[PDB]
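Here is the structure we will look at.
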Amino acid sequence: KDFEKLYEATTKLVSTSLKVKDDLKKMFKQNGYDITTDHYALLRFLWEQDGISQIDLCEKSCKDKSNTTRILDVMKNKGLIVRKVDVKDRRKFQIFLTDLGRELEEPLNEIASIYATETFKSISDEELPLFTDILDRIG
Amino acid sequence: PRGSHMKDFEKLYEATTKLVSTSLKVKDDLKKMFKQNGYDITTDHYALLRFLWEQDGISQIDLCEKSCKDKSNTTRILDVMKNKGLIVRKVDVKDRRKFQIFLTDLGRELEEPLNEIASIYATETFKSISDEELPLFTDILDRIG
């Protein structure tokens with residue numbers, strides 16, 4: 001656990017994360033879906049609870065407010081969500097799925113399943129919580 | 001794609017997220033490290049320099065293959081790195097259609113200082129992770145993909 005190993009580990013961490021994101025996106029595109037991993041993650045939230053507010057979505061987003069909002073504009077222009085001035089406010093938005101947004105649940109979850117299973121096939125079920133808990137304790 | 005022992009998709013998605021969120025938090029935590037501490041540098045600058053201190057005069061093709069990732073950025077940073085006085089291009093003497101990357105006089109002197117910073121930052125980052133866990137982490141990450 002001297003510097004060399006920690007530097008390695010930091011760098012596999014960051015490169016494995018980049019590869020995974022990128023591979024999943026390639027898979028979406030190969031299948032005709034021109035979306036990113038970020039788009040898939042935000043959709044996941046809304047399939048759980050539609051009409052999430054914008055501010056909550058940024059909270060949830062693993063990302064920061066300006067990036068998440070930018071990502072959401074793109075999703076809006078691809079026809080996946082709409083924005084609405086809130087029933088009880090001004091300046092405050094609720095994000096809603098369009099029909100296109102809902103339609104995509106089954107298919108995009110299917111593709112990500114296929115990706116996940118192949119990507120984690122050398123890993124045992126019981127290693128996941130280890131991996132995860134180590135990830136939790138970094139930083 | 002199938003097998004008799006399938007894992008739960010929700011669990012794989014959570015691990016995948018945890019992986020990404022943790023990559024991001026780690027890059028953010030460290031992006032400050034050098035500039036915030038007296039050295040006008042960035043991460044990516046630093047990670048390339050590591051390769052250069054290991055092997056000064058490496059080929060701009062060997063680099064891109066250790067760096068793994070894309071050339072235009074690999075190249076753009078290299079340009080900025082060249083702007084700052086961090087590296088230069090000499091044209092490979094094996095023949096052209098081939099470049100060789102060399103450290104500036106700065107880039108050689110920057111090794112000790114930046115390594116010190118990075119190392120104290122790596123020590124913080126991994127301070128709640130034990131010695132046995134580190135190669136476990138590492139092996140798991142190797143197997144992913």
Side-chain angles (χ1 to χ4, degrees), chain A residues 1-24 27 37-38 40-41 44-45 48 60-64 67 108-139, chain B residues 1-3 5-30 43-44 46-47 50 54 66-70 115-116 118-145:
Chain A
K1 161 156 144 137
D2 49 35
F3 179 38
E4 197 50 44
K5 305 292 187 188
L6 303 188
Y7 181 75
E8 277 188 44
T10 299
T11 228
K12 294 169 189 275
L13 157 68
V14 159
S15 85
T16 297
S17 173
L18 277 170
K19 189 209 158 46
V20 155
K21 278 179 69 141
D22 201 69
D23 288 357
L24 173 60
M27 267 193 52
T37 289
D38 304 332
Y40 177 61
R44 291 278 290 183
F45 295 134
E48 254 299 312
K60 228 130 199 183
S61 158
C62 129
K63 278 177 175 169
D64 135 62
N67 299 287
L108 301 174
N109 282 337
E110 213 170 303
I111 293 167
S113 266
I114 287 163
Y115 176 74
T117 296
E118 290 292 328
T119 301
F120 284 89
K121 61 183 203 207
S122 295
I123 297 308
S124 283
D125 184 48
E126 328 271 358
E127 298 175 290
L128 292 172
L130 245 183
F131 180 59
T132 273
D133 177 77
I134 289 166
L135 290 172
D136 186 56
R137 279 147 43 215
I138 292 179
Chain B
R2 233 179 234 66
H5 218 312
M6 297 303 272
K7 256 111 70 195
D8 173 5
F9 167 73
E10 193 54 38
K11 255 71 222 167
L12 298 179
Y13 181 74
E14 267 141 60
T16 293
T17 286
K18 227 311 207 240
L19 171 59
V20 164
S21 73
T22 296
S23 197
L24 284 192
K25 165 188 144 59
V26 158
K27 275 187 246 132
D28 158 273
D29 297 349
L30 305 173
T43 278
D44 273 289
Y46 177 73
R50 288 280 291 167
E54 254 266 75
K66 275 178 192 285
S67 173
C68 93
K69 51 178 312 168
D70 118 54
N115 278 341
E116 282 166 80
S119 179
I120 104 184
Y121 280 77
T123 277
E124 260 283 312
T125 299
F126 288 86
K127 86 203 193 212
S128 330
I129 300 298
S130 71
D131 291 335
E132 11 285 319
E133 276 167 330
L134 224 267
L136 219 150
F137 188 57
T138 265
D139 180 47
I140 290 172
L141 292 169
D142 289 328
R143 276 136 72 211
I144 284 169

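Both backbone and side-chain heavy atoms feed into the values below; hydrogens, waters and symmetry mates do not. Just so we're on the same page: letters track the sequence lines, and every chain starts at 1.
In this structure, chain A has heavy atoms under 4.5 Å from both the backbone and the side chain of B:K18. Of the two parts of A:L18, only the side chain, counted from C-beta on, holds a non-hydrogen atom closer than 4.5 Å to a non-hydrogen atom of chain B. In this structure, the portions of A:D136 lying under 4.5 Å from any heavy atom of chain B include both its backbone and its side chain. Proximity to chain B is limited to the side chain of A:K21, based on heavy atoms less than 4.5 angstrom apart.
In terms of heavy atoms, B:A122 sits closest to A:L6 at O-CD1, 3.7 Å. Closest approach of B:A118 to A:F3, counting heavy atoms only: CB-CZ, 3.7 Å. Shortest non-hydrogen contact noted between B:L141 and A:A9 is CD1-O, 4.3 Å. A:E118 approaches B:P1 most closely through the heavy-atom pair OE2-CB, 2.9 Å.
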TODO: Please step through salt bridge (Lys or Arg N to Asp or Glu O under 4.0 Å) for the pair A:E4 and B:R50, ending with a clear verdict.
DONE: CA-CA 11 Å; A:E4 197 50 44; B:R50 288 280 291 167; 2.9 Å; yes

TODO: Give the intermediate values and the outcome of salt bridge (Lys or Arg N to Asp or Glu O under 4.0 Å) for residues B:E133 and A:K1.
DONE: CA-CA 10 Å; B:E133 276 167 330; A:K1 161 156 144 137; over 6 Å; no

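Each of B:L136, B:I129, B:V26 has some count of heavy-atom pairs under 4.5 Å with chain A, and the biggest count is that of B:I129.
By the ring-ring contact (aromatic ring centres under 6.0 Å, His included) test, A:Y115 pairs with no residue at all, sequence neighbours left out.
For the pairing with B:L19, the side chain to side chain contact (heavy atoms under 4.5 Å, CB included) check across A:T132, A:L13, A:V14 returns one residue only, A:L13.
The main-chain N or O of A:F120 is found under 3.5 Å from a side-chain atom of B:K7 such that the two form a donor-acceptor pair.
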